[PDB]
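Colleague: Got a structure for you, questions after.
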Amino acid sequence: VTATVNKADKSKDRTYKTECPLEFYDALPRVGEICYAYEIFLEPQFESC
RNA sequence: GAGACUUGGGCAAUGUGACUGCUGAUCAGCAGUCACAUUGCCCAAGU
RNA sequence: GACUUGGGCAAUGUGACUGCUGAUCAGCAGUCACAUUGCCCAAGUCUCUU
């Protein structure tokens, strides 16, 4: 923090390896194991015309 | 994306300008302290 | 009666040393303002983009 020249290029955007949440990790089903099926309910709200 | 324009947060310096504060030495005046010199007086002794 | 030594009381001075005031001069420091041209970010308006 005492240095000054370190901020001459402060626009240096940081790059990261993205990752998935816990439920998304290793969720690919295999043969012979019980998995979960999540139905997607939806509700159209626009006027019926 | 290319850009122009403005306020910002600043980073820099090239100037330049003025402000403020302090130390030290010297001189003068005054006050006071150390020693020293001169003219006396008197005393203490010894021979 | 000379000779010697020492001390004390005086006055008349001198040599300096500090203390205070004022003045003079040299010597340092902390700033501040501000024109000039530069650099990196933040948010804005517009051409274009669309």
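Chain labels follow the order of the structure tokens: the first chain is A, the next B, and so on; residue numbering restarts at 1 in every chain, and ligands are counted from 1 in their shown order.
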Using only C-alpha atoms (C1' of nucleotides), which protein or nucleic acid residues come within 10 Å of segment 11-17 of chain C? Drop anything in the same chain fewer than 2 positions from it, and give the result as number ranges by chain.

Modeller: B: 33-40

Colleague: Provide as a list in words the residues of chain C at most 12 Å from chain A, counting only C-alpha atoms (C1' of nucleotides).

Modeller: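 Using only C-alpha atoms (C1' of nucleotides), chain C residues at most 12 Å from chain A: residues 39, 40, 41 and 42 of chain C.
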
Colleague: Within 12 Å of chain A, which residues of chain B show up when using only C-alpha atoms (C1' of nucleotides), listed as a PDB file with C-alpha atoms (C1' of nucleotides), in the first residue's frame?

Modeller:
ATOM      1  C1'   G B  10      -6.042  11.975  -8.730  1.00  0.00           C
ATOM      2  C1'   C B  11      -0.727  11.187 -10.489  1.00  0.00           C
ATOM      3  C1'   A B  12       3.133  14.123 -12.314  1.00  0.00           C
TER       4        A B  12
END

Colleague: One decimal, in Å: what's the spacing between atom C1' of residue 35 of chain C and atom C1' of residue 19 of chain B?

Modeller: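 If I compute the distance from atom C1' of residue 35 of chain C to atom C1' of residue 19 of chain B, I get 19.0 Å.
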
Colleague: Show which residues sit within 12 Å of residue 47 of chain B, as a list in words. Count only C-alpha atoms (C1' of nucleotides), and ignore same-chain residues fewer than 4 positions away.

Modeller: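 Non-adjacent residues within range: residues 2, 3, 4 and 5 of chain C.
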
Colleague: For residue 26 of chain B, list every protein, DNA or RNA residue within 12 Å, evaluated using only C-alpha atoms (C1' of nucleotides), and leave out those in the same chain fewer than 2 positions away; present the list as a list in words.

Modeller: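 Those residues are residues 24 and 28 of chain B; 23, 24, 25 and 26 of chain C.
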
Colleague: Residues within 12 Å of residue 44 of chain C, please, as a VMD selection string. Count only C-alpha atoms (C1' of nucleotides); anything in the same chain fewer than 6 positions from it doesn't count.

Modeller: chain B and resid 5 to 8

Colleague: In Å, rounded to a single decimal, give me how far atom CA of residue 43 of chain A is from atom CA of residue 22 of chain A.

Modeller: 27.7 Å

Colleague: Tell me which of B:31, B:41, B:46, B:13 sits closest to residue 20 of chain C, counting only C-alpha atoms (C1' of nucleotides).

Modeller: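 Among the listed residues, B:31 lies closest to residue 20 of chain C.
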
Colleague: Taking 3 positions as the minimum chain separation for residues in the same chain, which residues sit within 12 Å of residue 15 of chain B when counting only C-alpha atoms (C1' of nucleotides)? Answer as a PDB file with C-alpha atoms (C1' of nucleotides), in the first residue's frame.

Modeller:
ATOM      1  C1'   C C  34      -0.870  29.653  -8.777  1.00  0.00           C
ATOM      2  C1'   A C  35      -0.064  29.943 -14.826  1.00  0.00           C
ATOM      3  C1'   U C  36       1.937  26.196 -17.792  1.00  0.00           C
ATOM      4  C1'   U C  37       1.961  21.889 -20.373  1.00  0.00           C
TER       5        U C  37
END

Colleague: Kindly give the distance, in Å, that separates atom CA of residue 12 of chain A and atom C1' of residue 2 of chain B, rounded to a single decimal.

Modeller: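 Separating atom CA of residue 12 of chain A from atom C1' of residue 2 of chain B is a distance of 22.1 Å.
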
Colleague: Go through B:4, B:9, B:14, B:23 one by one, measure the shortest atom-to-atom distance of each to residue 38 of chain C using only C-alpha atoms (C1' of nucleotides), and give the residue with the smallest value.

Modeller: B:14

Colleague: Using only C-alpha atoms (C1' of nucleotides), which protein or nucleic acid residues come within 9 Å of segment 42-45 of chain B? Drop anything in the same chain fewer than 6 positions from it, and give the result as a ChimeraX atom specification.

Modeller: /C:5-9
